[PDB]
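Read the structure below first, then the notes.
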Amino acid sequence: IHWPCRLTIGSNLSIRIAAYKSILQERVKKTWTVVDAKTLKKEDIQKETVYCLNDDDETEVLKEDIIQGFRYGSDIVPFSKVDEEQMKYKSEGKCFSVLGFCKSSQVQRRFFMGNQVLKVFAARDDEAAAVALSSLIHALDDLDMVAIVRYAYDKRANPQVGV
Amino acid sequence: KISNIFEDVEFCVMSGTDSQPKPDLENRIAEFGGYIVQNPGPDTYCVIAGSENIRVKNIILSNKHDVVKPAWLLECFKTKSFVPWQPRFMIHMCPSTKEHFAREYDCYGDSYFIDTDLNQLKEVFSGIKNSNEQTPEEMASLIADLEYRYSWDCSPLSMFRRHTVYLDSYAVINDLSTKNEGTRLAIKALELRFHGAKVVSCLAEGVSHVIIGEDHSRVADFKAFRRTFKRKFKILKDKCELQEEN
Amino acid sequence: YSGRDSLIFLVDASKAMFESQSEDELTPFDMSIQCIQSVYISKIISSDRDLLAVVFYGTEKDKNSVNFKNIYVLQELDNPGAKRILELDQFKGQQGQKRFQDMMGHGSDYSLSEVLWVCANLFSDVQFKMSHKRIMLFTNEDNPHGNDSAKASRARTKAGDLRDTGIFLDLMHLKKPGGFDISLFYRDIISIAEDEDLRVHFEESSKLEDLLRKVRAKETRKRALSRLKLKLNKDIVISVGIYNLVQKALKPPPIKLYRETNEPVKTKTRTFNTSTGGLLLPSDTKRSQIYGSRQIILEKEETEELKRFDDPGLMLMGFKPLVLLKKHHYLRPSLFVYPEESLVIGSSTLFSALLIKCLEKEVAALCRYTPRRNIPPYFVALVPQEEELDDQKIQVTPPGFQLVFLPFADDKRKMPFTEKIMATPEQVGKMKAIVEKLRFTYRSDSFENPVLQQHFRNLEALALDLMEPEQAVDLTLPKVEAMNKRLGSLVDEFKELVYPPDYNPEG
DNA sequence: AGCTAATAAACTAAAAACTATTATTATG
DNA sequence: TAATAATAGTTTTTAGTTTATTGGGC
């Protein structure tokens with residue numbers, strides 16, 4: 001499946017693009033289901049998790065009665081989830097933009113992050129975009145530059161950078 | 001303990017950082033048996049906020065609890081009893097509390113069943129920012145309505161700011177863009193600011209008050225303008241200028 | 001590991017630290033304390049497991065255990081905490097300084113030998129393995145203890161003693177209008193591995209600009225991923241260390257804690273007989289996968305042995321020129337391999353010989369890699385990365401073999417492709433010019449994830465419970481206005497060159 | 001003008017590395 | 001009669017599960 005987006009350059013250039021994950025690590029999609037050792041059924045099988053009091057007690061703590069927190073040096077700060085979700089970084093939805101250009105030799109293979117390779121073309125039914133991307137490819141090959149680009153899958157994903 | 005009323009009610013004591021620190025305030029709360037919770041729960045009646053924190057900012061965002069300043073609880077402890085929740089310790093509150101305050105009070109600190117006093121009226125007036133954007137004629141009309149409708153016609157001072165008087169303040173008439181010096185026009189111009197009776201310096205058909213200014217040489221102009229209108233100018237008989245409206 | 005780090009800050013509790021040439025300049029105590037706050041924040045986020053302490057000298061009172069006069073210790077060697085930050089900031093400011101001078105004295109005679117005794121004793125207090133006895137102090141003058149020749153002699157004697165004991169110290173130049181007087185009393189007595197004392201430094205010109213800068217990282221120590229081994233044929237085996245010079249960091253996991261007690265509540269989780277309400281056992285477990293109708297049951301070591309193919313190690317396949325690797329062929333972040341003599345003695349000689357030889361041949365090493373027990377071994381390539389130095393002769397690149405991974409056939413994902421489309425050469429030249437407009441030189445440390453930065457900002461902000469949280473700056477946002485003004489009309493020129501004048505790229 | 005599927009993110013357990021110590025045997 | 005040698009006790013990644021998740025549909 002393609003990634004239908006629009007590459008943005010400055011504030012006056014946009015090219016409808018479709019990205020394909022050319023490389024994807026193999027991974028099984030069939031999980032293992034624990035069933036009974038006697039009836040061989042999962043119906044009689046389901047977890048029981050208990051938030052028993054960590055202090056000198058054993059009383060379970062209800063889901064709402066318990067919150068998260070984060071270690072801070074020598075202590076831990078009490079923390080909710082509404083607080084972070086209203087003070088988290090807000091990504092600008094699904095977007096993908098270029099940032100700069102540099103020589104190919106300025107980077108090495110040992111700085112290649114992620115677990116997938118994205119082969120990207122323009123969106124379907126835009127032959128002018130095809131000519132534009134072809135010119136981009138030719139110019140980049142001639143100049144031997146590499147484009148520095150910023151990626152963002154969607155609002156709820158983490159924006160990041162790429163080459 | 002001291003007062004069981006403060007007990008049985010959960011209090012989110014999370015910002016006791018005041019001139020009185022948090023620990024001693026919490027100790028006093030325990031002395032009154034007030035129920036202390038660190039994080040705001042549904043059973044918690046109100047959240048104790050002293051100084052401002054980013055956590056308090058989120059509490060403002062979280063329209064779930066009522067932000068309470070230490071003044072209200074301090075007065076409660078001094079009185080050993082709950083102090084009424086008039087908005088002077090208030091920052092952010094539940095919509096249920098919003099309706100409660102809109103019921104027991106108006107859109108401000110004024111009450112509906114408790115007679116106003118100097119303190120609450122002054123606090124309400126000082127809480128609202130400056131709102132001078134209307135025309136001076138609207139000011140004159142509204143203050144005149146306040147005076148006449150409410151039997152408020154007892155103002156000790158009334159010269160020219162407020163309602164229904166006429167007086168010439170310029171030697172030259174129909175040309176008010178220039179000021180004549182070396183005369184009493186400046187004194188009248190000064191008097192036309194403070195005490196209050198609306199200023200009129202233009203000649204029109206809507207004037208029915210016969211007034212002679214501090215200059216006795218303007219009577220010729222007054223009589224010249226008298227024939228232009230139906231009104232007849234009469235010789236004048238507090239105001240401290242010896243004027244009569246008839 | 002091989003030791004830990006700790007610093008102690010020393011502040012002159014005098015009046016020279018409580019003045020300013022002009023009100024735009026803070027007092028020496030002011031920028032010292034704020035730089036201390038910045039340092040502590042950096043340590044908390046970076047290396048909170050370190051030891052930090054605060055001691056004062058020159059004040060009227062004192063708090064040291066030996067009870068030397070004018071020697072008031074403030075904080076002891078401990079992992080930094082927000083409470084300490086609050087204690088510092090209560091006196092940080094144009095009025096908190098007055099609060100300190102009220103509740104605490106400032107300005108009195110003392111001996112530097114005494115503060116050295118105190119700091120040495122504080123060193124003795126700690127017990128964990130220790131590597132950097134760094135001592136930091138702040139002032140703009142040196143000669144006051146040179147006023148008493150006996151005091152100078154005892155101070156320099158104790159300084160030499162602590163240098164012998166391995167203690168290292170560093171001083172910050174502070175703005176003394178008459179000059180700090182370098183080379184008069186300290187660099188001859190303080191510990192320095194190099195000499196740059198040329199200017200008596202009428203100002204505070206030294207490294208506060210680095211210290212006040214806040215860093216946000218974890219800087220994990222040099223830990224070997226594995227001493228895994230290369231099986232040449234079946235018996236020729238060498239020991240090499242595994243490393244990842246890049247390791248994707250992520251936000252630390254949260255800790256689930258209570259509301260009114262805030263205690264991190266332990267969560268026991270188990271499974272019980274749902275159909276009975278009783279209790280189940282880990283032995284009473286059977287995993288199932290139903291393909292259509294048939295259900296297949298597998299167990300623990302049953303699922304283990306299917307992952308078993310060979311012993312964890314490196315199995316050489318052969319050699320292939322480096323050029324025969326497609327650059328766009330990528331699997332995951334690369335690794336690094338470093339030799340070692342810890343297990344196989346002489347393996348370093350073999351590693352060096354192999355590196356030199358394959359560098360001459362310009363070939364890659366094909367090998368079968370098994371990370372740990374019960375994992376399918378995958379083929380990888382070992383490109384020899386030579387150690388490169390700089391003008392400072394520092395390793396901009398370490399020696400060894402960069403470990404790049406070879407994807408499999410399943411990794412290849414074909415997509416609906418299109419024909420080859422060319423472009424007019426003049427448009428290619430327009431692209432060359434447009435690229436040259438916005439060209440720049442990339443540097444690795446010039447970019448960073450703003451999301452984690454904002455996370456930190458919030459974290460220390462709620463820790464510092466201010467009115468507002470610090471606002472991180474995104475370095476990944478393009479300078480759209482700057483780039484547009486830098487390009488000019490070439491953008492629309494190429495737009496009409498390729499894109500239809502009537503049809504915008506927008507659908 | 002009504003409908004829902006990959007999915008990175010998050011959440012887990014699980015496995016290794018890396019320290020830090022010690023139930024054991026000569027042996028008198 | 002008493003020293004030494006496998007050992008677990010912390011992190012630390014890391015590799016499966018879990019989930020709330022925009023698009024089309026008609």
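Simple scheme: letters A, B, ... for chains in structure tokens order, numbers from 1 for residues in each chain, numbers from 1 for ligands in the order shown.
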Expected answer as a ChimeraX atom specification: chain B residues within 12 Å of chain C, only C-alpha atoms: /B:10-15,17,35-42,44,51-58
Can you work out which residues from chain A touch chain B at a cut-off of 9 Å (counting only C-alpha atoms) and hand them back as number ranges by chain? A: 65, 78, 82-83, 86
Please tabulate, as a tab-separated table, the residues of chain E that come within 12 Å of chain C, each with its closest pair of atoms and the distance in Å to one decimal, counting only C-alpha atoms (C1' of nucleotides) and ordering rows by chain, then residue number upward.
residue	atom	partner	partner_atom	distance
E:11	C1'	C:223	CA	11.1
E:12	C1'	C:223	CA	9.6
E:13	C1'	C:225	CA	9.0
E:14	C1'	C:372	CA	11.2
E:15	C1'	C:375	CA	10.6
Write to file, as an mmCIF file, in the first residue's frame, the residues of the selection just made, with N, CA and C atoms (P, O5', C5', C4', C3', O3' and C1' of nucleotides).
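Once everything was written out, this is again_10.cif:
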data_model
loop_
_atom_site.group_PDB
_atom_site.id
_atom_site.type_symbol
_atom_site.label_atom_id
_atom_site.label_comp_id
_atom_site.auth_asym_id
_atom_site.auth_seq_id
_atom_site.Cartn_x
_atom_site.Cartn_y
_atom_site.Cartn_z
ATOM 1 P P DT E 11 20.104 -0.864 39.405
ATOM 2 O "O5'" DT E 11 19.199 -1.346 38.176
ATOM 3 C "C5'" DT E 11 19.098 -0.557 37.004
ATOM 4 C "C4'" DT E 11 20.264 -0.825 36.069
ATOM 5 C "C3'" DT E 11 20.031 -0.408 34.618
ATOM 6 O "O3'" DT E 11 21.193 0.215 34.101
ATOM 7 C "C1'" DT E 11 20.665 -2.667 34.698
ATOM 8 P P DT E 12 21.097 1.124 32.782
ATOM 9 O "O5'" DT E 12 20.935 0.067 31.597
ATOM 10 C "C5'" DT E 12 21.970 -0.867 31.326
ATOM 11 C "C4'" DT E 12 21.633 -1.675 30.091
ATOM 12 C "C3'" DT E 12 20.645 -0.995 29.143
ATOM 13 O "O3'" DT E 12 21.112 -1.082 27.813
ATOM 14 C "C1'" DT E 12 19.912 -3.169 29.647
ATOM 15 P P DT E 13 21.403 0.262 26.984
ATOM 16 O "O5'" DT E 13 20.763 -0.023 25.549
ATOM 17 C "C5'" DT E 13 19.553 -0.748 25.451
ATOM 18 C "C4'" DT E 13 19.823 -2.178 25.034
ATOM 19 C "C3'" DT E 13 19.112 -2.613 23.760
ATOM 20 O "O3'" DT E 13 19.928 -3.511 23.031
ATOM 21 C "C1'" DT E 13 18.412 -3.976 25.540
ATOM 22 P P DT E 14 19.590 -3.832 21.495
ATOM 23 O "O5'" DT E 14 18.398 -4.889 21.580
ATOM 24 C "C5'" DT E 14 18.598 -6.124 22.246
ATOM 25 C "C4'" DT E 14 17.380 -7.009 22.100
ATOM 26 C "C3'" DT E 14 16.455 -6.634 20.941
ATOM 27 O "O3'" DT E 14 15.911 -7.811 20.364
ATOM 28 C "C1'" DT E 14 15.244 -6.647 22.915
ATOM 29 P P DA E 15 15.300 -7.785 18.879
ATOM 30 O "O5'" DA E 15 14.778 -9.278 18.658
ATOM 31 C "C5'" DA E 15 14.884 -10.229 19.708
ATOM 32 C "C4'" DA E 15 13.509 -10.663 20.184
ATOM 33 C "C3'" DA E 15 12.397 -10.534 19.144
ATOM 34 O "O3'" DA E 15 11.490 -11.620 19.268
ATOM 35 C "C1'" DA E 15 11.821 -9.306 21.046
#
Using only C-alpha atoms, which of the listed residues (C:194, C:204, C:460, C:493) sits closest to chain A?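 That would be C:460, the residue with the smallest distance to chain A.
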Residues near residue 203 of chain B, cut-off 12 Å, only C-alpha atoms (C1' of nucleotides), skip fewer than 5 positions along chain, as a list in words: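 Surrounding residues, per the criterion: residues 166, 167, 168, 169, 170, 172, 173, 174, 175, 176, 208, 209, 221, 222, 224, 225, 226, 228 and 229 of chain B.
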Emit the selected residues as a CSV table (one decimal), in the first residue's frame, including C-alpha atoms.
chain,number,residue,atom,x,y,z
B,166,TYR,CA,-27.0,75.6,28.6
B,167,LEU,CA,-24.3,78.2,28.8
B,168,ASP,CA,-22.2,80.0,26.2
B,169,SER,CA,-18.4,79.7,26.8
B,170,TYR,CA,-17.0,81.5,23.7
B,172,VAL,CA,-17.2,84.2,19.1
B,173,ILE,CA,-20.3,82.2,18.2
B,174,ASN,CA,-20.7,79.4,15.6
B,175,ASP,CA,-16.9,79.3,15.4
B,176,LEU,CA,-15.7,77.2,18.4
B,208,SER,CA,-34.9,76.4,26.3
B,209,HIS,CA,-32.7,77.6,29.2
B,221,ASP,CA,-25.2,88.4,21.0
B,222,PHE,CA,-27.7,86.6,23.2
B,224,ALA,CA,-29.3,88.8,18.5
B,225,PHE,CA,-29.8,85.0,18.7
B,226,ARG,CA,-33.1,85.4,20.6
B,228,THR,CA,-33.7,83.4,15.7
B,229,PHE,CA,-35.7,81.1,18.1
Return the neighbours of chain D among the residues of chain C, cut-off 10 Å, counting only C-alpha atoms (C1' of nucleotides), as JSON, numbers by chain. {"C": [1, 2, 223, 224, 225, 226, 227, 253, 372, 373]}
Take the residues from that selection and put them in a file with N, CA, C and O atoms, as a CSV table (one decimal), in the first residue's frame.
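New file again.csv:
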chain,number,residue,atom,x,y,z
C,1,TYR,N,32.2,0.2,33.3
C,1,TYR,CA,32.0,1.2,34.4
C,1,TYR,C,33.3,1.8,34.8
C,1,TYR,O,33.6,2.9,34.4
C,2,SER,N,34.1,1.1,35.6
C,2,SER,CA,35.5,1.5,35.9
C,2,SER,C,35.5,2.8,36.6
C,2,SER,O,36.5,3.6,36.5
C,223,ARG,N,29.5,-0.2,27.2
C,223,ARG,CA,29.2,-1.5,27.6
C,223,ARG,C,29.2,-2.4,26.4
C,223,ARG,O,28.5,-2.2,25.4
C,224,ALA,N,30.0,-3.5,26.5
C,224,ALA,CA,30.1,-4.4,25.4
C,224,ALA,C,28.8,-5.2,25.2
C,224,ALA,O,28.2,-5.7,26.1
C,225,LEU,N,28.3,-5.1,23.9
C,225,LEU,CA,27.0,-5.8,23.6
C,225,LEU,C,27.2,-7.3,23.8
C,225,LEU,O,26.3,-8.0,24.3
C,226,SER,N,28.4,-7.9,23.4
C,226,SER,CA,28.7,-9.3,23.6
C,226,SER,C,30.1,-9.5,23.2
C,226,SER,O,30.7,-8.8,22.3
C,227,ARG,N,30.8,-10.5,23.8
C,227,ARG,CA,32.1,-10.9,23.4
C,227,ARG,C,31.9,-12.1,22.4
C,227,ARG,O,32.5,-13.2,22.6
C,253,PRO,N,10.4,4.7,30.6
C,253,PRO,CA,9.1,4.1,30.9
C,253,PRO,C,8.5,4.8,32.1
C,253,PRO,O,9.2,5.2,33.0
C,372,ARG,N,22.2,-14.5,19.9
C,372,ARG,CA,22.2,-15.3,21.2
C,372,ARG,C,21.5,-16.6,20.9
C,372,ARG,O,21.2,-17.0,19.7
C,373,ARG,N,21.2,-17.3,22.0
C,373,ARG,CA,20.7,-18.7,21.8
C,373,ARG,C,19.3,-18.6,21.2
C,373,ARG,O,18.5,-17.8,21.5
Pull the helix (DSSP H, G or I) assignments for segment 187-277 of chain C out of DSSP run on the backbone, and list those residues as a VMD selection string. chain C and resid 208 to 212
Could you save those same residues with N, CA, C and O atoms as a PDB file, in the first residue's frame?
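Saved as out.pdb:
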ATOM      1  N   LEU C 208      32.077  29.048  31.409  1.00  0.00           N
ATOM      2  CA  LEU C 208      30.679  29.067  31.839  1.00  0.00           C
ATOM      3  C   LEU C 208      29.713  28.898  30.677  1.00  0.00           C
ATOM      4  O   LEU C 208      28.628  28.343  30.864  1.00  0.00           O
ATOM      5  N   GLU C 209      30.061  29.389  29.486  1.00  0.00           N
ATOM      6  CA  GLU C 209      29.122  29.305  28.369  1.00  0.00           C
ATOM      7  C   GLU C 209      28.769  27.860  28.052  1.00  0.00           C
ATOM      8  O   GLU C 209      27.638  27.569  27.648  1.00  0.00           O
ATOM      9  N   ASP C 210      29.717  26.941  28.239  1.00  0.00           N
ATOM     10  CA  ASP C 210      29.420  25.528  28.049  1.00  0.00           C
ATOM     11  C   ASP C 210      28.586  24.986  29.202  1.00  0.00           C
ATOM     12  O   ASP C 210      27.640  24.219  28.987  1.00  0.00           O
ATOM     13  N   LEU C 211      28.918  25.382  30.430  1.00  0.00           N
ATOM     14  CA  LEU C 211      28.274  24.795  31.599  1.00  0.00           C
ATOM     15  C   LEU C 211      26.818  25.231  31.716  1.00  0.00           C
ATOM     16  O   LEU C 211      25.942  24.411  32.008  1.00  0.00           O
ATOM     17  N   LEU C 212      26.541  26.516  31.490  1.00  0.00           N
ATOM     18  CA  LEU C 212      25.171  27.004  31.588  1.00  0.00           C
ATOM     19  C   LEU C 212      24.290  26.414  30.498  1.00  0.00           C
ATOM     20  O   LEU C 212      23.067  26.345  30.663  1.00  0.00           O
TER      21      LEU C 212
END
What is the atom CA of residue 79 of chain B-atom CA of residue 25 of chain B distance in Å, reported with one decimal?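 One can read the atom CA of residue 79 of chain B to atom CA of residue 25 of chain B distance as 15.3 Å.
The gap separating atom CA of residue 156 of chain C from atom CA of residue 189 of chain C is 5.6 Å, in Å to one decimal.
Residue-level contact on chain A: within 12 Å of chain E, counting only C-alpha atoms (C1' of nucleotides), the set is residues 3, 4, 27, 28, 29, 30, 31, 32, 33, 93, 94, 153, 154, 155, 156 and 157 of chain A.
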For the selection just defined, write its residues with N, CA and C atoms to a file, as a PDB file, in the first residue's frame.
ATOM      1  N   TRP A   3       1.726   5.443   0.503  1.00  0.00           N
ATOM      2  CA  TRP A   3       1.522   6.493   1.498  1.00  0.00           C
ATOM      3  C   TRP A   3       1.151   7.768   0.756  1.00  0.00           C
ATOM      4  N   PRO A   4      -0.135   8.058   0.584  1.00  0.00           N
ATOM      5  CA  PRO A   4      -0.523   9.233  -0.204  1.00  0.00           C
ATOM      6  C   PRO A   4      -0.305  10.531   0.553  1.00  0.00           C
ATOM      7  N   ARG A  27       8.026 -11.001   9.767  1.00  0.00           N
ATOM      8  CA  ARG A  27       7.521 -11.211  11.115  1.00  0.00           C
ATOM      9  C   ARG A  27       6.193 -11.945  11.020  1.00  0.00           C
ATOM     10  N   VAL A  28       6.017 -12.951  11.877  1.00  0.00           N
ATOM     11  CA  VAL A  28       4.802 -13.753  11.847  1.00  0.00           C
ATOM     12  C   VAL A  28       3.617 -12.912  12.300  1.00  0.00           C
ATOM     13  N   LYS A  29       2.475 -13.112  11.648  1.00  0.00           N
ATOM     14  CA  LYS A  29       1.240 -12.441  12.020  1.00  0.00           C
ATOM     15  C   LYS A  29       0.304 -13.334  12.819  1.00  0.00           C
ATOM     16  N   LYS A  30       0.698 -14.576  13.081  1.00  0.00           N
ATOM     17  CA  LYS A  30      -0.139 -15.538  13.794  1.00  0.00           C
ATOM     18  C   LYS A  30       0.414 -15.683  15.207  1.00  0.00           C
ATOM     19  N   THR A  31      -0.262 -15.062  16.168  1.00  0.00           N
ATOM     20  CA  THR A  31       0.159 -15.133  17.556  1.00  0.00           C
ATOM     21  C   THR A  31      -0.213 -16.486  18.158  1.00  0.00           C
ATOM     22  N   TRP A  32       0.368 -16.770  19.319  1.00  0.00           N
ATOM     23  CA  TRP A  32       0.100 -18.004  20.038  1.00  0.00           C
ATOM     24  C   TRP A  32      -0.957 -17.760  21.105  1.00  0.00           C
ATOM     25  N   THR A  33      -1.984 -18.604  21.119  1.00  0.00           N
ATOM     26  CA  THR A  33      -3.112 -18.461  22.033  1.00  0.00           C
ATOM     27  C   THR A  33      -3.011 -19.537  23.104  1.00  0.00           C
ATOM     28  N   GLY A  93      -0.004  16.611  12.185  1.00  0.00           N
ATOM     29  CA  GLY A  93      -0.671  15.591  11.400  1.00  0.00           C
ATOM     30  C   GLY A  93       0.280  14.844  10.481  1.00  0.00           C
ATOM     31  N   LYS A  94      -0.270  14.364   9.373  1.00  0.00           N
ATOM     32  CA  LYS A  94       0.491  13.624   8.377  1.00  0.00           C
ATOM     33  C   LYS A  94       1.139  14.611   7.413  1.00  0.00           C
ATOM     34  N   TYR A 153       4.390  10.645  10.157  1.00  0.00           N
ATOM     35  CA  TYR A 153       3.394   9.693   9.678  1.00  0.00           C
ATOM     36  C   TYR A 153       1.984  10.255   9.802  1.00  0.00           C
ATOM     37  N   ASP A 154       1.619  10.724  10.990  1.00  0.00           N
ATOM     38  CA  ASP A 154       0.325  11.359  11.211  1.00  0.00           C
ATOM     39  C   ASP A 154       0.390  12.131  12.524  1.00  0.00           C
ATOM     40  N   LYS A 155      -0.776  12.566  13.006  1.00  0.00           N
ATOM     41  CA  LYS A 155      -0.829  13.345  14.239  1.00  0.00           C
ATOM     42  C   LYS A 155      -0.336  12.542  15.435  1.00  0.00           C
ATOM     43  N   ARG A 156      -0.754  11.284  15.544  1.00  0.00           N
ATOM     44  CA  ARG A 156      -0.459  10.477  16.721  1.00  0.00           C
ATOM     45  C   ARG A 156       0.886   9.769  16.642  1.00  0.00           C
ATOM     46  N   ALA A 157       1.612   9.906  15.536  1.00  0.00           N
ATOM     47  CA  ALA A 157       2.936   9.321  15.426  1.00  0.00           C
ATOM     48  C   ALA A 157       3.998  10.345  15.820  1.00  0.00           C
TER      49      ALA A 157
END
Based on only C-alpha atoms, which of the residues in chain A come within 6 Å of chain C? I want them as JSON, numbers by chain. {"A": [10, 11, 22, 23, 24, 25, 32, 33, 34, 35, 37, 44, 45, 46, 47, 48, 49, 50, 51, 53, 54, 66, 67, 68, 69, 70, 73, 74, 89, 99, 101, 102, 110, 112, 113, 114, 115, 128, 131, 134, 135, 139]}
Could you dump the residues just selected with C-alpha atoms as a compact mmCIF listing (two decimals), in the first residue's frame?
# COMPACT_ATOMS: atom_id res chain seq x y z
CA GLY A 10 9.18 26.13 1.25
CA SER A 11 5.71 27.66 1.14
CA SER A 22 10.20 -1.42 -0.29
CA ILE A 23 11.92 -3.27 2.58
CA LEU A 24 9.93 -4.76 5.46
CA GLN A 25 11.32 -7.12 8.07
CA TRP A 32 0.10 -18.00 20.04
CA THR A 33 -3.11 -18.46 22.03
CA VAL A 34 -2.75 -20.05 25.46
CA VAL A 35 -5.48 -22.67 25.90
CA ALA A 37 -3.87 -27.94 29.50
CA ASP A 44 -11.19 -20.97 30.95
CA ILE A 45 -7.98 -18.95 30.46
CA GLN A 46 -7.70 -15.23 31.15
CA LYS A 47 -5.38 -13.09 33.24
CA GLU A 48 -5.96 -11.83 36.77
CA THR A 49 -3.85 -8.74 37.49
CA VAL A 50 -3.95 -7.18 40.96
CA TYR A 51 -2.53 -3.83 42.09
CA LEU A 53 -0.65 -2.24 47.99
CA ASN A 54 3.14 -2.01 47.67
CA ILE A 66 -3.63 4.35 40.38
CA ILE A 67 -1.74 6.71 38.06
CA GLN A 68 1.63 6.79 36.34
CA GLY A 69 4.81 8.67 37.24
CA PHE A 70 8.37 9.21 36.16
CA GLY A 73 16.94 11.90 39.56
CA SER A 74 16.65 10.76 43.17
CA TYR A 89 4.43 17.92 21.53
CA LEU A 99 14.96 20.50 5.02
CA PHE A 101 20.81 19.46 0.77
CA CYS A 102 24.33 18.16 1.32
CA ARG A 110 26.25 3.52 9.69
CA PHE A 112 20.73 4.60 8.81
CA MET A 113 17.93 4.30 11.34
CA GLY A 114 14.55 2.61 11.24
CA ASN A 115 13.77 -0.93 10.14
CA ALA A 128 3.73 16.64 -14.23
CA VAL A 131 8.48 14.91 -14.70
CA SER A 134 12.53 12.80 -12.68
CA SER A 135 14.22 16.20 -12.92
CA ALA A 139 19.79 16.90 -10.74
All strand (DSSP E or B) residues (DSSP, backbone) inside segment 98-141 of chain A, as number ranges by chain: A: 98-103, 116-122
Those selected residues, please, written with N, CA, C and O atoms and delivered as an mmCIF file, in the first residue's frame.
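So again20.cif came out as:
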data_model
loop_
_atom_site.group_PDB
_atom_site.id
_atom_site.type_symbol
_atom_site.label_atom_id
_atom_site.label_comp_id
_atom_site.auth_asym_id
_atom_site.auth_seq_id
_atom_site.Cartn_x
_atom_site.Cartn_y
_atom_site.Cartn_z
ATOM 1 N N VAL A 98 11.058 18.577 3.020
ATOM 2 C CA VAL A 98 12.504 18.602 2.838
ATOM 3 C C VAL A 98 13.075 19.714 3.704
ATOM 4 O O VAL A 98 12.409 20.714 3.991
ATOM 5 N N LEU A 99 14.317 19.538 4.137
ATOM 6 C CA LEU A 99 14.960 20.498 5.023
ATOM 7 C C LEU A 99 16.228 21.102 4.445
ATOM 8 O O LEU A 99 16.468 22.298 4.623
ATOM 9 N N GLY A 100 17.045 20.314 3.758
ATOM 10 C CA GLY A 100 18.284 20.842 3.220
ATOM 11 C C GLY A 100 18.915 19.863 2.257
ATOM 12 O O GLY A 100 18.384 18.782 1.991
ATOM 13 N N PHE A 101 20.070 20.266 1.732
ATOM 14 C CA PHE A 101 20.809 19.464 0.770
ATOM 15 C C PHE A 101 22.282 19.462 1.136
ATOM 16 O O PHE A 101 22.836 20.498 1.516
ATOM 17 N N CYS A 102 22.914 18.300 1.010
ATOM 18 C CA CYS A 102 24.327 18.162 1.317
ATOM 19 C C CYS A 102 24.906 17.058 0.446
ATOM 20 O O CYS A 102 24.179 16.275 -0.167
ATOM 21 N N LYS A 103 26.234 17.012 0.395
ATOM 22 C CA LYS A 103 26.919 16.009 -0.405
ATOM 23 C C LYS A 103 26.616 14.610 0.121
ATOM 24 O O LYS A 103 26.419 14.401 1.321
ATOM 25 N N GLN A 116 12.978 -0.148 7.964
ATOM 26 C CA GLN A 116 12.316 -0.299 6.679
ATOM 27 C C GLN A 116 12.919 0.678 5.682
ATOM 28 O O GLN A 116 13.528 1.682 6.055
ATOM 29 N N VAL A 117 12.742 0.363 4.401
ATOM 30 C CA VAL A 117 13.205 1.200 3.301
ATOM 31 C C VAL A 117 11.989 1.630 2.495
ATOM 32 O O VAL A 117 11.171 0.791 2.099
ATOM 33 N N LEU A 118 11.872 2.932 2.255
ATOM 34 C CA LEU A 118 10.708 3.513 1.596
ATOM 35 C C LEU A 118 11.088 3.933 0.181
ATOM 36 O O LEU A 118 11.882 4.860 -0.007
ATOM 37 N N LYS A 119 10.517 3.251 -0.807
ATOM 38 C CA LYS A 119 10.636 3.655 -2.202
ATOM 39 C C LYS A 119 9.420 4.499 -2.554
ATOM 40 O O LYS A 119 8.285 4.011 -2.505
ATOM 41 N N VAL A 120 9.653 5.759 -2.907
ATOM 42 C CA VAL A 120 8.590 6.747 -3.032
ATOM 43 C C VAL A 120 8.538 7.251 -4.464
ATOM 44 O O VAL A 120 9.575 7.580 -5.054
ATOM 45 N N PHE A 121 7.335 7.303 -5.017
ATOM 46 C CA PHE A 121 7.037 7.961 -6.278
ATOM 47 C C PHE A 121 5.997 9.046 -6.031
ATOM 48 O O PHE A 121 5.552 9.266 -4.902
ATOM 49 N N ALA A 122 5.608 9.725 -7.104
ATOM 50 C CA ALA A 122 4.519 10.679 -7.009
ATOM 51 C C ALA A 122 3.185 9.945 -6.918
ATOM 52 O O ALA A 122 3.081 8.745 -7.185
#
Residues near residue 85 of chain B, cut-off 9 Å, only C-alpha atoms (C1' of nucleotides), skip fewer than 4 positions along chain, as JSON, numbers by chain: {"B": [72, 89, 90, 101]}
Using atom CA of residue 180 of chain C and atom CA of residue 89 of chain C as the two end points, give the distance in Å to one decimal.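 Interatomic distance, atom CA of residue 180 of chain C to atom CA of residue 89 of chain C: 27.1 Å.
Residues lying within 10 Å of residue 187 of chain C, counting only C-alpha atoms (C1' of nucleotides) and ignoring same-chain neighbours fewer than 3 positions away, are residues 142, 171, 182, 183, 184, 190, 191, 192, 194, 195, 196 and 197 of chain C.
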